[PDB]
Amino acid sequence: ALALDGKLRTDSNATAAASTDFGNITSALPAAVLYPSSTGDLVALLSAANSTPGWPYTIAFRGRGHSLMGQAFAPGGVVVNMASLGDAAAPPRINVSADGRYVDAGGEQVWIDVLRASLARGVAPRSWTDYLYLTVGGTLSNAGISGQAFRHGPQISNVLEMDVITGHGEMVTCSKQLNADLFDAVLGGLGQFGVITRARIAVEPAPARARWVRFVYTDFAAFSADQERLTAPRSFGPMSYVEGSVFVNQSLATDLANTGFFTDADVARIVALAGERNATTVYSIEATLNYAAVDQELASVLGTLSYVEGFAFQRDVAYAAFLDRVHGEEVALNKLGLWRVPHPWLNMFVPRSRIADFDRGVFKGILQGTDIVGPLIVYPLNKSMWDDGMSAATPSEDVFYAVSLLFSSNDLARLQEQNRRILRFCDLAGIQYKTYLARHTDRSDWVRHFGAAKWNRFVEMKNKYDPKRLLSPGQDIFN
């Protein structure tokens, strides 16, 4: 029904391509790869899976395979090459609404294309990821976080409705008003309940430009307090985007230059500052203001802060250029063969009450005396902008920090041990963190991740929507 039409491929090249991911650490060969030309092909697969006794195959939905640890694999199963849904010229897979208040996007579509289509209509999504070559379905199955999330919530907080094909092979439109149980489960649901074939994304009138600043600190307490100041509810302050980064002394000059923000002259000034203060760690707030008026607005905001005088660094760019900033980093690194390497990334949400402790143990502790390659990102988020009824798991405090330690790799074994050590420190310190973008490998770890109540709901939704436990087996929750 599909294979004869050429859609279900079992050839070595197809299986190999769906057997690795961005993490470049784990691999798992599928039995087959589906290249669907339309959503009907997905309905056909999932309906067959549902109706066939002794159905053999788990099913994963490969967005662009940006997973770190095999989350998009179907070991001895079927990987869906989602990108195939966007092959045809017509009909379009991205539709900005007639009134420009939302954009409908295929689950397979990448956010960079969503941006381009939105900007053509003078609008843009309000909540992003740092890196735009990720699918709508993929980020929504996790959360989708960046510097706008403090004020707009993650991408899962900016979805009006979705089309989902469940594990029963039923096409279902869901929202807060209709099939809300599926809507809530799928968002941050780690691909466990069905495939998002369409998501309705909130947009706002597109800003033309961004005033883009980096502020330098040697004092973590001042750094974090200022981040919390900028992201505090008043309604929010003027900043459109707030992130931060950590720079360890040993690789200070290198890591500062690797941001792509600081000139060599800028780097020298910061190194000299760190030197005079004998600082083992340097911190930088990264913030934007979307828009002489900008000058005074910026000056007013900066006047509330306590960064080191002389260490505010400014850029002014087109909005789209800011949003796609990391693409240029990829192009450059890929030329030097430094993009397609093992990525033992550590991502977590750390409660505000323990962020200073984390800094002491990790940034001032474990990571000291190493050559770090890749950004160490740290910034506060507001729990109020997250829907706890959705599958995504966050710490219990009103404010928690996104902590993204994006190590690029004999280096691999060292970094894997280092990440275990960081987690060990957190566990022993009693820090109630939640992992993000990580898969756990036993029941107890997953139950702890979700917490008792949310786990029980997660299981209830699994029984309802994927009773055979076929979907996204690489998450290792029910597989």
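One rule holds for the numbers: they count along the sequence shown, beginning at 1.
Gap between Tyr291 and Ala292: 4 to 9 deposited residues without coordinates. Taking the PDB entry as given, 110-118 carries the higher mean Cα B factor of the two stretches 110-118 and 138-146. On average the C-alpha atoms of 262-270 have higher B-factors than those of the other stretch, with 262-270 and 319-327 being the two compared.
Highest C-alpha temperature factor among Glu228, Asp163, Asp371, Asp388 per the entry: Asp371. Of all the options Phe193, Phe407, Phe358, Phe236, the entry's greatest CA B-factor is assigned to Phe236.
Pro92 sits in the highest third of its chain by CA B factor, as recorded in the PDB entry. In the PDB entry, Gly153 places in the lowest third of its chain by CA B-factor.
Ranked by C-alpha B-factor against the other modelled residues of its chain, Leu470 falls in the lowest third. The deposited CA B-factor of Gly189 belongs to the lowest third of values across its chain. When the modelled residues of the chain are ordered by their C-alpha B factor, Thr435 lands in the lowest third.
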